[PDB]
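What follows is a single structure, written as structure tokens, with notes after it.
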Ligand SMILES: CC(C)C[C@H](CC(=O)NO)C(=O)N[C@H](C(=O)N[C@@H](C)C(=O)NCCN)C(C)(C)C
Ligand SMILES: [Zn+2]
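Set out below in structure tokens:
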């Protein structure tokens, strides 16, 4: 690994929802939560041997934390990821998660072109227990800004983004749970797809340590494998990490 290029710098954004409900309406409380979360998530990444050998030391660090203290005032018909109402159903507490990710990508496109990854932290109750979403490892996107011209948006947007909500079923999720969501979404950004039941090695039984972080069904984090990447995820991220490090990875600060 190139110690000069082993860290994916992040642009972390907290919308007014997160600021109010998670940060208690205080910058200090909001940034502290995020700084500590990314650090724990980083511990997972830095310590992972993508090649089960010496290809490790790769992780994430926050470059900028943007805090949107109040909803984004918009003109009728116009939408923004930080606006007060949910879209498309203003009656629901949350946006359709997919449309929200696209909107976030559209709105922070300018800032996203200057970073390895952009991650939105919000506080809205997504339907059917969904906690987050991200580009990369699908059916393109992920680490390092890749342009995509949006016909509807009339500009280039970048697919190096993801989001995490710390609210599910009417309550704030446990910090141990939030860590898992971000690790999983960032996992997608790093190229990992979900672990398939078809490969036991990548989706063990509860008596074998449980499932790994990229399993599609949320894992409380009370089982051993829960906060680790399976061999399937490792292989994917390993392939991705190589062709990408030189492109946008930087040197770890500290
Ligand atoms: C951290 C997890 C892995 C993220 C995924 C979504 C995903 O794959 N993001 O990239 C999720 O929220 N999964 C939900 C989940 O497991 N949520 C749990 C809390 C749930 O609703 N469990 C009860 C089922 N009614 C689904 C969509 C499966 C309901
Ligand atoms: Zn997923």
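Residue numbers (PDB author numbering): 218 to 356, 361 to 475.
Every residue, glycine too, gets a C-beta built ideally from N, C-alpha and C.
Are the Cβ atoms of residue i and residue j separated by less than 8 Å?
i           : j           : result
residue 412 : residue 434 : no
residue 326 : residue 406 : no
residue 343 : residue 382 : no
residue 399 : residue 254 : yes
residue 335 : residue 230 : yes
residue 390 : residue 377 : no
residue 291 : residue 277 : no
residue 275 : residue 223 : yes
residue 473 : residue 339 : no
residue 365 : residue 463 : no
residue 315 : residue 304 : no
residue 236 : residue 242 : yes
residue 388 : residue 380 : no
Could you check if residue i is buried or exposed, using at least 16 other CB atoms within 10 Å of its CB as the buried criterion?
i           : result
residue 345 : exposed
residue 460 : exposed
residue 280 : buried
residue 404 : buried
residue 324 : buried
residue 355 : exposed
residue 226 : buried
residue 475 : exposed
residue 457 : buried
residue 317 : buried
residue 451 : buried
residue 293 : exposed
residue 420 : exposed
By Cβ distance below 6 Å, which residues in the same chain neighbour residue i in space, the five residues on each side in sequence not counted?
i           : result
residue 328 : 228
residue 300 : 288, 289, 291
residue 410 : 334, 351, 353, 363, 364, 383
residue 337 : 230, 321, 384
May I ask you to check if the CB of residue i is nearer than 7 Å to at least one heavy atom of ligand 2?
i           : result
residue 336 : no
residue 415 : yes
Using alpha carbons as the reference points, say which of the options lies closest to residue i.
i           : options            : result
residue 371 : 334, 362, 258, 319 : 319
residue 455 : 282, 272, 277      : 272
residue 374 : 449, 299, 321, 301 : 321
residue 441 : 397, 475, 367      : 397
residue 402 : 347, 306, 267      : 347
residue 447 : 419, 251, 431      : 431
residue 309 : 285, 300, 463, 341 : 341
residue 267 : 453, 410, 305      : 453
residue 437 : 388, 392, 349, 380 : 349
residue 265 : 256, 449, 296      : 449
residue 247 : 307, 232, 313, 315 : 232
residue 261 : 445, 471, 470      : 445
residue 471 : 331, 269, 313      : 331
residue 284 : 293, 240, 263, 427 : 240
residue 393 : 238, 218, 286      : 238
residue 443 : 361, 395, 286, 219 : 395
Ignore the nearest five residues each way along the sequence and tell me which others in residue i's own chain have a CB closer than 7 Å to its CB.
i           : result
residue 465 : 364, 365
residue 423 : 416, 417, 433, 451, 452, 453
residue 221 : 472
residue 244 : 284
Which same chain residues, not among the five before or five after residue i, have their C-beta less than 8 Å away from its C-beta?
i           : result
residue 306 : 313
Query - Closer than 6 Å: residues whose CB approaches a heavy atom of ligand 3 - result: Looking for ligand 3 in the displayed structure turns up nothing; the ligands present are ligand 1 and ligand 2.
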